[PDB]
Every structure is written in structure tokens, then in C-alpha cells.
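**Student:**
Chains as they are written, first to last, in the authors' numbering: chain A, 219 to 271; chain B, 38 to 145; chain C, 38 to 152, 195 to 271; chain D, 7 to 156, 161 to 171, 198 to 290; chain E, 219 to 290; chain F, 113 to 196, 200 to 234, 238 to 264, 269 to 334; chain G, 208 to 334; chain H, 208 to 234, 238 to 258.
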């Protein structure tokens, strides 16, 4: 929820709304300059992938 | 010992979140609060302070936070966002929070 | 080791400005405040306290400052001064401040060239934004000090002719103006 | 032309240098000129008038729409306007949809209140509906042609120093162009997202922002209705009848 | 008339017709050269004011914020 | 004794606005209403219109019965007053507008309203969509279609020269207000609720479209 | 008095239908270039019409911080950060914003004045 | 001028302090300075 909120503050309610449907803004709009900042989040300590079988 | 250092990182962060939740003056454990639809104030406080804790972690120079929050505790399916149990935004500078209580109850 | 001493000077000044901004009880980082047009009080407080910090640096014997400030947060182009995002003056003894919010947002949102356990860390973008805001309010304070020291007319003429920064800044107060971080660098424009 | 900037710090002789290309600033300045945008809009309107002229459509639009008997001219005018708008959006296709049919409406009993040009599929071919009395009422309405909408100094300094197109005709051309632009936005959502989305958009225009900005906002030119910000006088007072103690978490349209 | 004419001759017809409707540009277009080279102007011998100027001007009052008060 | 010309001009302007036959937005005062009513009374061939608009004082007293010749004569009278098409629905718009103006109280600031109470079947947009869609599908198509975009520089230059003196903002204002008034009149005539949320959201869509 | 009351009444506006009001999308400047001085005069006149807001500080004392640990800690965190790059970035973003505002405002940019802005370097060094 | 001045003096109420006014309501075409500038400038350019 805070990732969506921060996308809102940093790039407008429209980027917030578009990120609500397209989560690739988590990897596009999260610039590497603030990588140290986002690494503080525990969400960045793991990966969860979905593979068809 | 780098993997031990990273595990220490993560577990210390989790313990600090635990201690913040302790200081927030809780009457019941998290799940218990979330099954208590009669007391929305406690659920709102927990969600708000978790947001504040995350905000401080992401912005270490920020030490305070807004003291007001408009919140709605979702109960029915026709007002719940799938995949987004909690949503934050603000309008006219007032923080806006939406909590899907049944979803979080099922999660926990 | 003199260059190390001067770098220590500049970086300690920047850190003190950082700590003042921390003590000022901020809810969001600078850029985040400046994109929040709904909350003008925080933007005004940040600009005012940066002005106060610069005032103390320029006048070390001054420890307090006025507690009131009339401010307008510029939103539209037709009420914005190019090259002067923040402007300070006073009328009937009341401090007057004008802030061009979109200009400062564009200043702090540019893409900058980038050639322990508590998790505290400061990114390069954040520090450079801090220095940029300090420099902008510092330019505003230079105009303000020209106002106080030589009249509203010298202030107005300096708004259009910046050579008063080198004429009206007498060498007697060179030690005083050297306290400003704006004096630690030179920026020139050459046609090519 | 390029402009170079040098920064020098007092700890060394090091100088860090950046080159700025003035063309970007010139482009911003040109886009900031009122005469430039006015010329762009007037050139679009002039191209529309020239396109009508080469199609013999020189008669005033009001006279074209007032002729009940001759339907071919109305169909050709609407089709040409749709094709012109389509080319404006996609400057690569000169011919519109190669086959489509037209039906002209002369009755209120089968008229849509607010969408004079509508599109439908008869399972075999595109069909376009034209509400002739609505367009006639639009074009025949008297226009405010003496009031001023808000430089005297340049006029003072100057003082001290062939097709007959009236203002009414030009306003009629712009009116029809904007109407067909609205119809074409509806038609674009139709063709690209299905009949269901088209009929959803007919009752809620707010889906335009999501179904246009994904492709049109970064590929095509600016829309004609975007030249000015339009608002309804005393909108809040009239809307006070429908007020919500709202909580907007998906405010996709500010 | 000569002040208007001086602005005319030295800064163009555009500035002259701008000055005709706003005399406040005199202070900027005279003090740059005249205030340090010529003598004193005849109308500067006395300070002229309009009787009860504030009351009559009360019709045009602004909740102002003057950051370029180039004419006190 | 009254000035027939001034009263006639005031009546012409006020009726032009109140019939939605013009986009000219001029602030109308109570004096214009007084002049239009007095002129309507005094002129012999506008007696039918004067009685029609005077019946609007009481909401319970509705339109007088007129035979077809009387309605035609009143239509010719309205056309002559406006020197302009005009038909019965224009008279209905005028009646509703004058009724709402008369029953309104004296007030310091102009009251902004929307067209209402003209033309049993209170419907919404979607039911009309379905019904008129079926009715249109009934109608046989007239023309079957199975494109020059000339950029003649001299011709576009002459066209721009002709269009150059026109104040583009005025043209946009006229076109937008014309579309708005036609849409509102179609909504009111069709007895369908006009949702100004949607119409304003159209402009909001344009505004959001531009800045991307 | 009755005549004055009727005069006030007859000038009262009546009901009018809504109209579509046009607002300027972007503050588009005119063809003729303007200097900094005329632009300053016009923008100051425009600012005069705005409504100022009052700011009241908690106290008169200048904000400050004498916490050593925090100060050396910020210094250590920004220690690996070159002053050359930081000052260059700040100066260049300031210059770019100034030039963008000048271009949008249709105002002539005086290069000499902008150069004179940052001559306090040599003023300090020489004196 | 005399008529306007006396009208404003008469319609003024009895008051303890002199009321300071400016000349008004003398001589249809309510104009401003710039339109007059343009018009009279053209008219003067007409004059030989």
C-alpha cells in the first residue's frame, strides 16, 4: 500500500491509478538513485513468482 | 557471514515493527483486532502506524507524520479491491485509507 | 590538507542545514512537500527556516528572527519571476515572501548526473536537492540583504542587474559573506 | 547552437562542463507563443475548409444540412469530416474505413439527446446515424459575434506610427468539426474495444481518459477541444443536487 | 512633455506609449542616466500630494503583495 | 407613453436568450423583464404571446387553448420579433423560462439554472439509448459508401488570411455553448435527466488528455 | 425613497441559463519579446492581486541543532559524495530552470547578468 | 461643471468635516485612457 502511495506522491494520482492496474511502475518508476531507500523495505528482501504448470 | 548479517537486518526490522506495535497500546493480538468489526478505531490505528513506520524506514530523515486519517473499513465484497487489501491516497491534503477487513482476516 | 579543511567546512555546513530541517518537524522529504500544493504551511515553514538559518550564518551574533511572514505560493506562470524562485522583502516591517512552487519542483525533480544496523542512509539526490534549495534561498537572502542595507531601490535594481552582488558586497564583510555556501563555487556561461 | 556551462569549486582547479542545446529552449518558447497555437488551430480549420472545397462542398454548412431532399451531400460531409479527424489522429491513412453506411434522422422520436452522430453494427457493415435537425439547430443558432473574450499598447504604438467566409461560417465549421471529433472519439473506442465498451462510454464519457491516453496521448497531435479549458457557469451550485460524502481511491479523472 | 519626449527618443515609440498610460516608468528610465548627470527637475522643488488621497483612492484598494515596489 | 423601440429591443434580447436561440450572454436585469412584458402587452399582434407568458404567473394555470391558425399566427409573430427554425418547442422553452423567471424571487445575484419542465415518460439515458437504437435500426439506410487532403500552400495562406482577424476564442466559445445548448434542449425535450457530471467530465477528459 | 428602492430593484439581475466559460489553458505570451524589467513589473502587478497567507512561527529563536552524534553521522554519510559533482548538479539545475522560465515567458536572457550572479567567488578569493 | 458640483453639494448630507471629491458626471461613451489615445492620435494625424 505504501509503494502505491509513494508512487502517488512522486508522480501524480494518474501514475497512482495506472500503477493500481499495471505494477511495472514498481520497477520503472523506482529509479536506482533511491535503490538504497527502497532496499529499506522488507518487501525487497524476497521474490515471489507465479509459473504455470 | 554476510547472509547472517542480512538475516540480522531483516529480523531486527521485524522486531522493531513488533516493538512499535507493542508501544501502540494494543488490547488484542492483530488477528483478534481484525475480527473485531465493532472497534474500527484500533484497526485504523494499527494500519496507520504501520504506514508511519514504513514511511520512517523509507525516509530516515522523517521523524513525524500527519495526525489525521480518513478511513473506511470495508466489510462487503462489492466495495473491496482484490489484491489491494489496504490502499492509501490523499485528497485536499487529507490522508485517505481503505481497509478490507475480511481479506486481511482471511490472510492472517 | 587545506582543501580537506574547506571540504569539511562546506559539508559540515550542509549537515547543520540537514539537522535544522530535521528538527523543523517534517512529514515528508523536501521534494514531496513541494509537490503538495494542498499544504502551503509546510512549504512556507521550510523556506522561512532556511532563510533564518542563512541569516544566522551570515550574522553569527543574531540568534532569533521574526516570528511572522506573509507568503504567497506561486502556482501559475503569469505570477512567477524567472530566475528568482524565492524572493524576500518587507513592507511596514512585515516580512514578505514569494515562492514559485512549480519552478522549485522542476529544480528538485531533475535527473542529476551520478558519474551499522539502524538502516539510516542519505542518497545523493537528497543531499543535492538540499544543497540546491539552500542555494536558492541563499540567492533570495542576498537580494533581501541588499534590500535592508541599501534601500528597496537597490533591491529592485539588483533584481535586474546582479553586479550589485560584487559592488555592494564590500570587502569589510567578506568574512561574513564567505559564510555562505553560494560563495564556495563559481558558475559561468560561455557561448559555443 | 549550443551553450556551455562551467562549474569551479574552491578546493582545486577542476572544472566540470556541460553542454546545452538551445533548440529545446527555442521549442519551448515557440510552444509558449499565443500566436503559434492560434496559427496551429486556424491552420487545422483552414485545412478542413480546403478539404471541403476540393469536394465541391463550398455551400455553407447550414445550407447543406437544411436540404432535406439531398442526403448524399450530408453523408459526404460527415464522412469527410470523420476521415479528416482520423488522418489528424493517424497521419498515415488517407482513406477512412473503406465501407460504411449512413442513415439520416429527421425525428425526435428516434433521436439521441446529446450524441447527434452515432455508430452501430448491423452485423454486416458499419452504420452511422446523423441527427439532421439537431445539427441544423446547432448551426442555425445565433452567435455572439460582437462581445470580447478576455494588446492595447502595441495598437497605440501602431496608431502613433477570395471566398467570402464570414465569422458565422467559420464558427459553423468549427462547431461541426468539434461535434464530429466527439463522434470520432466514441467511434475509436468502439472500433478498438468492442460494442460493449462503446455503449459503456455512451453513458459515461469518463472512460475516454483511460482508453485514449494509453495510445493517443503519446502518438497523435492535440485534440481540438483541448485548445481551451471549458467549464459550466456555477457548476458547483447546480451540481449541489448530487453530492456524495465521498472517498475517492481511484480518482482516475481529476 | 519633455520627460515623455525623452523616453520617446531614447527608448522607442512603444515605450513612449507605455509611459503615456503609466507614468511610473519615469523613475526607471530617468534615474539610470539623469539622476547622476543633469540638474534637479523643477517639479522636484516641492513635494506635491492630493488632498485626502487615501479616501478617494479607497475605491481601488488591493490586498497587495509588492515584491517589485520600484516606486515608493 | 413608452418608447416602443427600446422596449422592443429589450424584449428581443431577453426572448433570444430565453428561447435558447442565441449564445449572447448579457446580464439581464428585472428592468428587461418589465420592458418585454410591457411591450408584449402594448403591441396588438403580440397579445397572444403576452397572455401566454402572463398565464405563467400561477403554476396551476396552464397554456391557453389555441386553434391551429392561432398557433401559426403566434409562430409568425415570434419569427418577426426575432427576425430570423422556430416551432412549437421554442414556444415551450420560452414558456418554461418565463415561468421560472417570474416565480423566482427578487435577488441580488443572477440565478444560474438549466432547462427543465418542457414537453409524461420520465426516462434516463440508457432506456432512450435502447429504444432509439432499435428505432434507428428500423430506419433504412439512405446512402452507401464504398480522399483528397490537399496542402496547396497558397490556398491555405489565403484561407488563413481570411480567418486571421477572427478571435479564435470567440469561435470556440460560440461552438461550445451551441453544442451545450443543443444537448440540453434535446435532453429536456426528450424528458431525460441531463447529467451535467458527464458533460463536465467531457471537458475534464479533454484537459487530462492534453497534459499527457 | 420609494424611487431609490425601485431603482435598486430594477437593477437586480434575473435568472439566466448556464453558459460554457472558457479559461486560458496556458499563460501564452505574446509575439513581442520582453525584458526582465517589464516582466518583473507585470508579474509584480499580478502578484499584488493575490491573497497572502500569514505564517506564525512557534518562537523567534533561529532553528539549529547541536547534536554532535547526528552531525558527524550525516557528515560520514555524505562523506563519499564529491562536492564538485554536488555543486555542479545544483548549479546546472538552477540554470536550466532559469532558462526554461525565460524561454516560456518569452523574456530575453542576459548571459552577463547570470555570470555576474556568481562572481562572489573571486570577490572572496581576492579580498 | 457648476450644475454637477451644486447637485453633488446639495444631495450631500450635513456633516462635520468637509468632503473631498473629484469632478464627475459631466458631458454616453464611457471610455478609458488608451482608447482615447488611439482615437485622438488618429484624429491628430489627420490634422495638417
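Cβ coordinates follow ideal geometry from the N, Cα and C atoms, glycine included.
1) Enumerated in chain order, which unbroken segments of the beta strand (DSSP E) with a length of 3 residues or greater are wholly contained in the stretch 246-316 of chain G?
2) On the criterion of 16 or more Cβ atoms from any shown chain inside 10 Å, does residue 192 of chain D qualify as buried, or is it exposed?
3) Answer with yes or no whether the minimum CB distance from residue 226 of chain G to chain F is below 8 Å.
4) How far does the alpha helix (DSSP H) with residue 246 of chain E in it reach, from first residue to last?
5) The alpha helix (DSSP H) that contains residue 68 of chain D, what's its start and end?
6) Suppose only complete runs of 4+ residues qualify. What are the alpha helix (DSSP H) ranges in the stretch 139-167 of chain F, listed by chain order?
7) Report yes or no: is there a C-beta of chain D within less than 8 Å of the C-beta of residue 107 of chain B?
8) So, does the CB of residue 134 of chain D fall closer than 8 Å to a CB anywhere in chain H?
9) So, with DSSP's three-state summary, where would you put residue 83 of chain B?
10) What residues in its chain sit with their C-beta under 8 Å from that of residue 254 of chain D, if we drop five residues either side in the sequence?
11) Measuring only the C-alpha atoms, how far is residue 244 of chain H from residue 270 of chain C?
12) Quick one: is residue 290 of chain G near chain C, going by C-beta distance under 8 Å?
13) How should residue 210 of chain F be labelled, buried or exposed, when 16 other C-beta atoms within 10 angstroms of its C-beta is the threshold for buried?
14) For the stretch 324-331 of chain G and the stretch 239-248 of chain C, state whether three or more C-beta atom pairs, one from each stretch, are separated by less than 8 Å.
15) Against residue 289 of chain D, what residues of chain F qualify as contacts under a CB-to-CB distance less than 8 Å, listed in chain order?
16) Taking three-plus beta-carbon pairs below 8 Å as touching, is the stretch 162-171 of chain D in contact with the stretch 306-324 of chain F?
17) What are the partner residues of residue 33 of chain D, as DSSP defines its beta bridges?
18) Do you know offhand how far residue 217 of chain F's Cα is from residue 136 of chain D's?
19) Here's the rule: buried if 16 or more other CB atoms are within 10 angstroms of the residue's CB, otherwise exposed. What is residue 237 of chain A?
20) Excluding sequence positions up to five away, which residues of its chain have a Cβ less than 6 Å from the Cβ of residue 81 of chain D?
21) Give the residues of chain E in contact with residue 263 of chain G, contact being defined as C-beta atoms less than 8 Å apart.
22) Over what stretch of residues does the alpha helix (DSSP H) that includes residue 58 of chain C continue unbroken?
23) Which same chain residues, not among the five before or five after residue 208 of chain C, have their C-beta less than 7 Å away from its C-beta?
24) Residue 123 of chain C bridges to which residues according to DSSP?
25) Give a yes or no on contact between the stretch 122-142 of chain D and the stretch 285-296 of chain F, applying the rule of three or more CB pairs nearer than 8 Å.
26) CB-CB under 8 Å to residue 77 of chain D, same chain, minus the five flanking residues each way: which ones, in chain order?
27) So which of C/79, C/150, C/102, C/97 has the shortest CA-CA distance to residue 89 of chain C?
28) Output needed for residue 51 of chain C: all residues of its chain with C-beta closer than 8 Å, excluding positions within five of it in sequence on either side, in chain order.
29) As a quick exercise: from D/141, D/163, D/127, pick the residue whose alpha carbon is nearest that of residue 259 of chain F.
30) What does residue 138 of chain B touch in chain C if you count any residue whose Cβ is under 9 Å from its own?
31) How about residue 246 of chain A: is its C-beta nearer than 8 Å to some C-beta of chain C?
32) In terms of alpha-carbon separation, which member of E/285, E/256, E/258, E/224 lies closest to residue 256 of chain G?
33) Thinking just about the alpha-carbon of each residue, which of H/220, H/223, H/231, H/221 is nearest to the one in residue 212 of chain H?
34) Helix, strand or coil: how does DSSP classify residue 116 of chain F here?
35) Measure the C-alpha to C-alpha separation of residue 272 of chain G and residue 278 of chain G and round it to an integer number of angstroms.
**Tutor:** Checking against the coordinates, here is how it stands:
1) Complete beta strand (DSSP E) runs here, min 3: 260-263.
2) There are no atomic positions for residue 192 of chain D here, as chain D continues from 171 directly to 198.
3) For the purposes of this step, residue 226 of chain G is identified with residue 19 of the seventh chain, where counting begins at 1. Chain F places a beta carbon closer than 8 Å to that of residue 226 of chain G, counting this residue as a contact.
4) Counting from one through the fifth chain, the residue named residue 246 of chain E turns up at place 28. Residue range 244-249 is occupied by the alpha helix (DSSP H) that includes residue 246 of chain E.
5) On the fourth chain, residue 68 of chain D is found 62 positions in, with the first residue counted as 1. In the DSSP annotation of this structure, the continuous segment of the alpha helix (DSSP H) that includes residue 68 of chain D starts and ends at 67-72.
6) Entirely contained in the stretch 139-167 of chain F, the alpha helix (DSSP H) runs reaching 4 residues are, in chain order, 142-154, 159-166.
7) The sequence position of residue 107 of chain B within the second chain is 70, counting from 1. At least one chain D Cβ lies under 8 Å of residue 107 of chain B.
8) For this step, residue 134 of chain D is matched to residue 128 along the fourth chain. So, not an interface residue.
9) Stepping through the second chain from its first residue, residue 83 of chain B is reached at position 46. Three-state DSSP puts residue 83 of chain B in a helix.
10) Residue mapping note: residue 254 of chain D aligns to position 218 of the fourth chain, counting from 1. Excluding positions up to five away in sequence, the list is empty.
11) Taking the eighth chain and counting its residues from 1, one reaches residue 244 of chain H at position 34. Taking the third chain and counting its residues from 1, one reaches residue 270 of chain C at position 191. Within the model, the alpha-carbon separation for residue 244 of chain H versus residue 270 of chain C is close to 42 Å.
12) Here residue 290 of chain G refers to the residue found at position 83 when the seventh chain is read from its first residue. With 8 Å as the cut-off, residue 290 of chain G counts as an interface residue toward chain C.
13) As a working mapping, residue 210 of chain F is identified with position 95 in the sixth chain. By the neighbour-count rule (16 or more Cβ atoms within 10 Å), residue 210 of chain F is buried.
14) The stretch 324-331 of chain G is in contact with the stretch 239-248 of chain C.
15) Mapped onto the fourth chain, residue 289 of chain D falls at position 253. The answer, in chain order, is 323, 326, 327, 330.
16) Result no; under three Cβ-Cβ pairs closer than 8 Å.
17) Taking the fourth chain and counting its residues from 1, the one referred to as residue 33 of chain D is at position 27. Beta-bridge pairing links residue 33 of chain D to no other residue.
18) For the purposes of this step, residue 217 of chain F is identified with residue 102 of the sixth chain, where counting begins at 1. For the purposes of this step, residue 136 of chain D is identified with residue 130 of the fourth chain, where counting begins at 1. If you take the alpha carbons of residue 217 of chain F and residue 136 of chain D, they lie about 38 Å apart.
19) Looking up residue 237 of chain A in the first chain gives position 19. Around the beta carbon of residue 237 of chain A, 16 or more other beta carbons lie within 10 angstroms, which makes this residue buried.
20) Here residue 81 of chain D corresponds to residue number 75 of the fourth chain, with the count starting at 1. Around residue 81 of chain D, the same chain offers 108 as residues with beta carbons nearer than 6 Å, after the five sequence neighbours per side are excluded.
21) As a first step, residue 263 of chain G is located in the seventh chain; it is residue number 56 there, counting from the start. Under the 8 Å cutoff, chain E gives no residues; its nearest Cβ is about 17 Å from residue 263 of chain G.
22) Within the third chain, residue 58 of chain C is the residue found at index 21, counting from 1. For residue 58 of chain C, the enclosing alpha helix (DSSP H) has its first and last residue at 39-60.
23) Position 129 of the third chain, counted from the start, is the residue given in the question as residue 208 of chain C. For residue 208 of chain C, where only same-chain residues beyond five positions count, the Cβ hits under 7 Å are 67, 68, 145.
24) Position 86 of the third chain, counting from 1, holds the residue named residue 123 of chain C. DSSP, once it has assigned bridges, lists C/136 as partnering residue 123 of chain C.
25) They do not touch, by the three-pair rule.
26) Within the fourth chain, the letter at position 71 stands for residue 77 of chain D. The beta carbon of residue 77 of chain D sits closer than 8 Å to those of 108, 110, all from its chain and outside the five residues before and after it, given in chain order.
27) Within the third chain, numbered from 1, the residue matching residue 89 of chain C stands at position 52. When only C-alpha atoms are compared, the closest one is C/102.
28) Numbered from its first residue, the third chain carries residue 51 of chain C at position 14. Excluding positions up to five away in sequence, the list reads 206, 209, 210, 213, 260.
29) Position 141 of the sixth chain, counted from the first residue, corresponds to residue 259 of chain F. If you compare the alpha carbons of D/141, D/163, D/127 with that of residue 259 of chain F, the shortest gap goes to D/127.
30) Translated into the one-based positions of the second chain, residue 138 of chain B becomes position 101. By Cβ distance, chain C contributes nothing, its closest Cβ being about 27 Å from residue 138 of chain B, past 9 Å.
31) Counting from 1 along the first chain, the entry for residue 246 of chain A is found at position 28. For residue 246 of chain A, the answer is no, since every Cβ of chain C falls outside 8 Å of its Cβ.
32) For the purposes of this step, residue 256 of chain G is taken as the residue at position 49 of the seventh chain. Closest in alpha carbon position to residue 256 of chain G, among E/285, E/256, E/258, E/224, is E/285.
33) Residue mapping note: residue 212 of chain H aligns to position 5 of the eighth chain, counting from 1. It is H/231 whose Cα lies nearest to the Cα of residue 212 of chain H.
34) Within the sixth chain, numbered from 1, the residue matching residue 116 of chain F stands at position 4. If DSSP states are grouped into helix, strand and coil, residue 116 of chain F belongs with the helices.
35) Counted from its first residue, the seventh chain places residue 272 of chain G at position 65. Counted from its first residue, the seventh chain places residue 278 of chain G at position 71. The straight-line gap from Cα to Cα measures roughly 8 Å.
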